[PDB]
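To start, the structure itself, in structure tokens.
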Ligand SMILES: O=C(O)c1ccc2cccc(O)c2n1
Ligand SMILES: O=C(O)c1ccc2cccc(O)c2n1
Ligand SMILES: O=C(O)c1ccc2cccc(O)c2n1
Ligand SMILES: O=C(O)c1ccc2cccc(O)c2n1
Ligand SMILES: [Zn+2]
Ligand SMILES: [Zn+2]
Ligand SMILES: [Zn+2]
Ligand SMILES: [Zn+2]
Ligand SMILES: [Zn+2]
Ligand SMILES: [Zn+2]
Ligand SMILES: [Zn+2]
Ligand SMILES: [Zn+2]
């Protein structure tokens, strides 16, 4: 099923408590959503599906090019599919900068608040506010008002703190301001972006622990691993140790999805093309023929991600 | 928007009255649904989107393979998208034989009846019952009970009468039995499948007209043109003359969709593949890169279909 | 074997006498020479192999780029191969304009004159002088001195008369000047270029016949059909009627040669490329694997040419 | 130029004396011969071109399939080309087992003996007798009679001693029998095959040195490195130390030759194929278009080979 806000919070809490993480797979279509969920299920894992601003726009079609429409349409598709699987699937929106809040995250929040007001659950279970391009205080000011709105709609907020230089530098004062402005979850759960290539996360936890009068080994922050494509399956290990509960994946699953399509076109070149006055071969230019292969291949890469992140076999539905 | 049952009936009535038809495009995904709707809109046309049993199964993903799930999920996606366009889009299910009624058309009907009972509109606006493999009397017996259920859920029924030998032969008695069992629309609108390669349709109308005590030039039947891929844009003309209001399209739009994907893989062979120890090129193995081209190309072929069928420029929203 | 000057003259005389023609296949390599000869042999036909200035330069290799070297090297290769076949193969050089006579046709002539002076036969059996870019009188002046040199080395000269506008226009006076300057073969055999798209050849023969005091149906000229790629196998018929004894072929055999190579690369994409850290498949990146297919395919197209030109089955060796 | 027997012996002596080696490039065509020679020349190096039994058969064309014809035809081509370069090119035949001596090496030897008897030089400068499949004594018996014939035609003999298990094991007694039967060059120079993956060569030299009453560091054998594709450019170093004067290369140059052809077909897919009723693009299905790229790429790999083997910059023509 789709993760209810309650099981989503439980997923993240359990991951944090046991030093594992969920892959958060960028999806852009019915096929990629299907590959991602099947991958979670094959790994006996819960998981996260996320739509970027570009993915949402793509999802809405060339005739619309509206992020909200694309995200809503893909979310509604995903709700139907996920109900048929015995793992929990959370829906998320990726990087939304200041100039796109009004045309992406805010209208999506409003849709979920409307649903919650009628006794429903939100359409998405988390949204990312990416304020990295603005000064920290403005970043956290926006974050605070978004966090209140999100919490009230039963939605977790992801944020990104510090400066982008690609890698994300975050100072000890940035970590402190974040705890100060947002608290430690008691005003609504939130996730904090981070990159690697690592002890910065460790320092972030210690800084926050000190601020909160907590033992020096406490991990107040739930971290989100960005930019980890093909990363050292040892950096991943270390990332997990410092409280990463979510690792974003796109590049790796894109290659996995496209790879068999490429192979299909080459081996079936004279079926997918009308060559030398011939009429091609319907069975191989049928989009389902290569897109099933794309799906299965992406699902396999998602299974690998669940194993690398150690969430495989740990779905909260305990379907074993 | 999605066609309400009322505007769908109006669409078909207008087409019949003015000797034009709508293409009914097989779709299997978010991308293909997007291409189809954009095509209707670019042609200023209303249109029909249909899911085959195989397309629905594909739509549900390899991890589910459930026709109802796939059709529902794609329908929900399509409802969101279609609301953003100023043309009317009807949703349809294609060929459902006897052995699949219980796992496709019947559960879908029940979903729509539930929606209608709550004062809503049906999820789909038409369903096809393909009884061509059974004797005509059994075919029409099933058709009658399905027609009653469909009409009560504000859904139009498509049926296929006669024997498949590919082409569809339908005798004058088959046409007569059909009018006798089903009436002429007063017990619920229905569509009748037909093939070409043509005067058979003409004879069908005359036979039905005689039965109904109507003038010899009346056209009681609304016909559905099956198997018309790449057909003589002159057979199409003649088809229109005999009351075809819906022409099914799949092969042509499949080739249009796949063609640029093929071209993308070839020209970007060393970007979509990691070659000679290189790491490929993310920008071209990003599925959106070639799938946007696929979408645009399918939309173009759909525009052509609207022009060939003369529904281009005639959307009932009169957005000109 | 290679055509001796005597059998080459006999070949052309027989073709002219019986209204058939030989294809003259542009070749650029050992593989293309092999495909051409095998094609002649499979059709039980004599034939002509010709090297363009560009083909000769290509034949000499990127490190040399010398037309004479390339033509000589390919000719020597061809002498060895042709001795193993029971058909006669003539060697020819294609289009040589004024500015290239000193670096192509003239040095080649000198090589053959040297061989003849030692009691041998010439290396090539014909050479083309293409003077179409200069005024007719200069064209024929050069032609006359070249014809004397060629005849003395037992070589037939091909020339091109008239203006290029692509198609070749040749006036009745041009035909007359040609007979006047060169005679009708008694001062050395020569071939006259022509194009189609046809009665111009007919007029040329009548004009020459009148000049020579011959019956109105005589055909003094041996014509060479240039620019006939994919031509109407009815234009070919008419061409034959007017004294075409040689039809130049390049485009058609290029496509035939390349076509299976293309197919080989696509179907073996992950063998001819090292993909995803794999090492490729030696058996399919072995140049012989696809080049054998290229050869066989070009030979087939050459067989077709022999049949279209009616020289198939008529080799002067009468190996049946 | 082509290496005269005298400069070929000088090449090998110099290489041995200075611990370098020549690549011996398998070639199968005019294009591959051109790429190899251009590669030697670009590296300022002498080099060896060799024809395998399969390469020779391929060279003769599908219509002939005769090893002698193919080798002779390619050799004659190569004589013309090599005269235009300021490096020395030796011609060689690769692996000829017992059952093919009568249809490959022996007739080729006879051709060269005929040339030498008329005061000419041999057509080939070395031939390989591969007796590895027969018992050592039979191997060396054949080798002795072949060596006498070769020496008398001014040809160097390559032999292969020991058992194939792929790698070549050669015992100390095998090395001793070889020196005993053949001497150390005073009865005609010969080359001895060897593989790596290395001290076996060292032991071979010591064994031969002992037999000949030579200092323990003498290197009586001229070794030929077989099976060294992509080998450790450190094994190559060690190979050189033990008296390897010739390293056979095929796989590496095959991949280099084919690689750009593959790329050409993919990027020009709709030019090399007639697609969607189009007629293709002559400029890219012209075999010269991709074969020039193949040639240049193979030449580059040959330059690399000359550098790895340290013969680059050491051509005996001292054209600097
Ligand atoms: O793919 C990403 O989301 C990604 C990639 C690189 C990054 C560098 C710094 C901060 C981020 O959020 C980054 N994010
Ligand atoms: O594509 C089709 O739906 C199709 C194709 C061929 C047919 C022949 C007879 C009856 C049909 O419904 C047919 N339908
Ligand atoms: O391929 C050719 O040789 C060719 C092609 C087109 C021509 C047009 C006029 C005259 C020629 O020799 C021509 N030749
Ligand atoms: O490519 C070759 O010539 C080759 C390859 C592998 C071998 C193994 C043992 C002996 C040889 O001559 C070998 N030769
Ligand atoms: Zn990021
Ligand atoms: Zn459990
Ligand atoms: Zn049908
Ligand atoms: Zn209007
Ligand atoms: Zn021409
Ligand atoms: Zn005969
Ligand atoms: Zn070997
Ligand atoms: Zn020097």
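Here, residue 1 is simply the first one shown, and the rest follow in order.
According to its header, the structure was obtained by X-ray crystallography, 2.1 Å.
The backbone N, Cα and C atoms fix where each Cβ goes, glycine too.
Pulled from Swiss-Prot:
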ACT_SITE  C:94  active site, proton donor
BINDING   C:52  D-glyceraldehyde 3-phosphate binding site
BINDING   C:130, C:160  Zn(2+) 2 binding site
Across 14 unmodelled residues, the distance in Å between the CA atoms of residue C:197 and residue C:198: 6
Candidate binding-site residues C:52, C:130, C:160, pick with smallest Cα gap to residue C:94 (active site, proton donor): C:52
Integer Å distance between the CA atoms belonging to residue C:52 (D-glyceraldehyde 3-phosphate binding site) and residue C:130 (Zn(2+) 2 binding site): 12
Sparsest-packed among the recorded positions, when each Cβ's other Cβ atoms within 10 Å are tallied, from C:94, C:130, C:160: C:94
Between the residue listed as 'D-glyceraldehyde 3-phosphate binding site' and residue C:160 (Zn(2+) 2 binding site), the C-alpha gap once rounded to whole angstrom: 15
Modelling gap (11 residues), residue C:165/residue C:166 Cα distance, angstrom: 6
Per DSSP, three-state class assigned to residue C:52 (D-glyceraldehyde 3-phosphate binding site): coil
CB contacts for residue C:52 (D-glyceraldehyde 3-phosphate binding site) [other CB atoms within 10 A, all chains]: 23
Residue C:94 (active site, proton donor) in three-state DSSP notation: coil
Secondary structure of residue C:130 (Zn(2+) 2 binding site) (DSSP, helix/strand/coil): strand
